[PDB]
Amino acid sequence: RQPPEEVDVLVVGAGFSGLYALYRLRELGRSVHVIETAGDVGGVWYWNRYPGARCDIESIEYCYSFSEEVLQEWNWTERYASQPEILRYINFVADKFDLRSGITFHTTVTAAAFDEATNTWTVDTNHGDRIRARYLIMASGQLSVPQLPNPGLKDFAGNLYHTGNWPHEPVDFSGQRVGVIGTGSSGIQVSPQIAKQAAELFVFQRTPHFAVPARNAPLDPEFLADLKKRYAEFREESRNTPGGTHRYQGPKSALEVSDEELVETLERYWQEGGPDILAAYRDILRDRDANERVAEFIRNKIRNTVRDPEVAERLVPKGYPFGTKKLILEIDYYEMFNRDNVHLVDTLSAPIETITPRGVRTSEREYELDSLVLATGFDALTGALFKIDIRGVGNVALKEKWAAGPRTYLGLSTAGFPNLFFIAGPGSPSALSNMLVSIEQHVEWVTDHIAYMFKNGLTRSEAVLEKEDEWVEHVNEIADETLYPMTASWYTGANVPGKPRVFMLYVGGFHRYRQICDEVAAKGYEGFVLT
């Protein structure tokens, strides 16, 4: 629109988090406005328009629950929503509640500084706006700053793309020699799409990722009508799980079962499709021998999928425990490699030397290409904030405080930066659960908190230094009882050169985490000092 001078609560970003903050603060009777870089609402589902983009949580799980009207009216069509359909859903929710009048688009926040004189935040943008707001809510997302791989990039003659900043006009790869770098789920979702148009598809793999089949399906309209009858009930069940979905929590240890029961329980998971296998046994994430048992089964499934055993073996992920990078759902990605026009280039054995203007040189050879797609992921969890000059008490940069890894109390707040809040970021369950559930819980908790400051005539909320320190020690310690910290992944910050290695997330589970938050709020926000 045109942003106001002054406001109770300013919110950065218009994706699932932003929009919800906005609605609920209006419903709390507070003044609120949102600033967003993009052209319209959407967040990851506005930016990641690459062909094949699709969620790995079931449509019925990956949605809002705050609005009974919305559960009733909206019709999902598939087990997993593709990106254009999740975007229609966000647009449907935005029209419903007229959220757009609360949002300025095309505008990036560049700086923010806390003024101890007034207990208020002063916020700057790239258009020149300067806004003043008692509270700052960073809803700038976890996987919102695209990351380019590490020499010869401006030299490329052909066309160049990132999956996480995809053009709005569809792209035509017909005829072309095309390369994709990256086999994350971006890489793995967009390749089979490209392999349909192009004359030649080169997939540049570094470390192979474990992917299991999605087995997408139509969503039976009967089933949806039935669920609608019990919908709030259904979400409440998800809200009472470690992961925020209906995944079954395998009670047994993967070491305890026989070999034949392992093959059967797991085979049954492979036929069903989806990520639920992750919780097939309790210790897949807590014990290296358990994990290797599941890992090997899956590796053989990957071997069975391609005819040419030389290529197959290049696709088998090695050297890290199963599940310790995000688990990826594939749809016809492994079958793709049986096509004549698809070539797997291993950069574990022959690293990428440089990009030339014609293509990509490994040690081994040069590869000539007309178009190049980077599926190389994001500066995850801390990227978005690090692009912003944020300054607290004593004029400390957040960049300086968090330089050795994020330091938070509950992930919600950082000491020395009062009245500042982070939605679904480091210090909290974040992307280790269904993010609609993590996100809704944080928005309700932060915004309850704001409501509670106003009713009680307070104006300053800061996390206590020693309570933040204890939360950090707690997060690291529970991380270190699992296999997560063992492995380089975006969870750790490992795909950004020179980024500190630190498992950035709460691994306890959504459910414990919520409990802790409710106790904290119940006690009057213990661990915070309010004045």
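Residue numbers run from 1 along the displayed sequence.
(message) Unmodelled residues of the deposited sequence between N150 and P151: none, 1 to 3, 4 to 9, or 10 or more?
(response) Per the record, 1 to 3 deposited residues are absent between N150 and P151.
(request) Between 444-452 and 310-318, name whichever shows the higher mean Cα B factor according to the PDB entry. (result) Comparing 444-452 with 310-318, the higher mean C-alpha B-factor belongs to 310-318.
(request) Select between 299-307 and 205-213 the stretch whose C-alpha atoms have the higher average B-factor in the entry. (result) 299-307 has the higher mean C-alpha B-factor.
(request) Specify which of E330, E237, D389, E267 carries the largest Cα B factor in the deposited PDB entry. (result) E267 has the highest C-alpha B-factor of those listed.
(message) Just to confirm, going by the entry's C-alpha B-factors, which of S433, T347, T408, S191 comes out highest?
(response) Across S433, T347, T408, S191, the entry lists the biggest C-alpha B-factor for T347.
(request) Could you look up the Cα B-factor of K499 in the entry and say which third of the chain it sits in: lowest, middle or highest? (result) It falls in the middle third of the chain.
(message) By the recorded C-alpha temperature factor, relative to the other modelled residues in its chain, which third is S413 in?
(response) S413: CA B-factor falls in the middle third of its chain.
(message) Test of reading the entry: by CA B factor among the chain's modelled residues, which third contains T362?
(response) For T362, whose C-alpha B-factor we compare with every modelled residue in the chain, the answer is the highest third.
(message) Among the modelled residues of this chain, does the Cα B factor of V9 put it in the lowest, middle or highest third?
(response) It falls in the top third of the chain.
(request) Rank-wise, by C-alpha B-factor, drop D289 into the lowest, middle or highest third of its chain. (result) Within its chain, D289 is a middle-third residue by C-alpha B-factor, going by the deposited values.
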